[PDB]
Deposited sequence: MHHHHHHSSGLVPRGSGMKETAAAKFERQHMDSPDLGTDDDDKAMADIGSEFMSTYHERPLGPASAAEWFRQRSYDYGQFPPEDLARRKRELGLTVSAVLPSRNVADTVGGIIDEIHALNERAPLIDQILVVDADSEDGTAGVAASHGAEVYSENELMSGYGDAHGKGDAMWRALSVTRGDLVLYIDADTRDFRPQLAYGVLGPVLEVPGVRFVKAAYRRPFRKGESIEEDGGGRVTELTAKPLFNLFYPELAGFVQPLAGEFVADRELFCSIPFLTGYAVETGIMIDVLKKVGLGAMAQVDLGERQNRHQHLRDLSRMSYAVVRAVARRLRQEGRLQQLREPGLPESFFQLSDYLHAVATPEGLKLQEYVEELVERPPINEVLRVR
């Protein structure tokens, strides 16, 4: 059971999207009767969503792969909802889904809530701010779930135009994974927005809200199904894109690990103390300034325990 090392896993569970031609995936998907829901957490992305939806439609014409497109909007003031709707996608407000829990706590919350309107056997999350969307950003990661029995969770891998990820990935995720979760060290883009798993899986794990979500899922999936059931697919080049705001992103990652460490018993007994209170000291032309942020880390339970 399981690979013997991060090295063995890396050889056995890393793929190239060229291995999964779309029309071949479409056939297997059909033979298995599986359906796929693509979820696009959207927040002020009116200029890029249309194109992405369009590309998914064109792909489907060549190879029927995506059955449902969900734009879970953050009630964007730039008319995202409209653009998405007119381009043929289903559109939901992150605030109206599971509205008993109140307004949405950031990206993680919106992604968890999406599970209540996802109908597909498989659930594929996809960033919606992507400037130049290429077909394999949608189908690449489907490859191993459809083609390799045993694989339940697939993460995208990619490079900017030798790439080990963006700053938060390089400087927060991987160092923390290498130390506390060695099994995840082989992932090239552990925090990638594009990934897929069966809906059952997503419904059986908790979801951290805000920017903790990606880290949380990585840990929780690992615990749930085993490293052997996770994989990654090189998707070629993709163009990605303020060090200040990243600071809070990195904090969310640290909080996620910390929280999981608390629960495992690895982290015991963790005034000037308040976890959601992040002191960010900075140097400005007008002297030193100590700015202060507050973001609530909320864990939503497996949607399993709420629905059905």
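The chain's deposited sequence has unresolved stretches at 1-60, 222-229, 310-311, 341-347, 386-387, with no C-alpha coordinates there.
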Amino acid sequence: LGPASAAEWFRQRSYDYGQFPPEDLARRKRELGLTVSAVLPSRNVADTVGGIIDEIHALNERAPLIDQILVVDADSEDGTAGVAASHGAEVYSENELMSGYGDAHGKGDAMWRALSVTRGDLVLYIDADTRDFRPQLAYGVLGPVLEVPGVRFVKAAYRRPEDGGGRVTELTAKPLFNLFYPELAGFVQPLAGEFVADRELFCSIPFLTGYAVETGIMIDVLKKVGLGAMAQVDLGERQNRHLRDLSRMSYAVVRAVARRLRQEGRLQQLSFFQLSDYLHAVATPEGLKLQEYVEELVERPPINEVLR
From here on, numbers count along this sequence of modelled residues.
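As recorded in the PDB entry, 272-280 is the stretch of 251-259 and 272-280 with the greater mean C-alpha temperature factor. Annotation for 45-53 versus 65-73: the higher mean temperature factor (C-alpha) is found in 45-53. The residue among 79, 182, 226, 210 whose C-alpha atom has the highest B-factor in the PDB entry is 79. The top Cα temperature factor in the record, among 152, 87, 119, 113, falls on 87.
In the PDB entry, a CA B factor belonging to the highest third of its chain's modelled residues is recorded for residue 132.
Among all modelled residues in this chain, the alpha-carbon of residue 303 has a temperature factor (C-alpha) in the lowest third. Per the deposited record, the Cα B-factor of residue 234 falls in the lowest third when ranked against the other modelled residues of its chain. Placement of the Cα temperature factor of residue 161 within the chain: highest third of the modelled residues, per the deposited record. In this PDB entry, residue 148 carries a Cα temperature factor that places it within the middle third of its chain's modelled residues.
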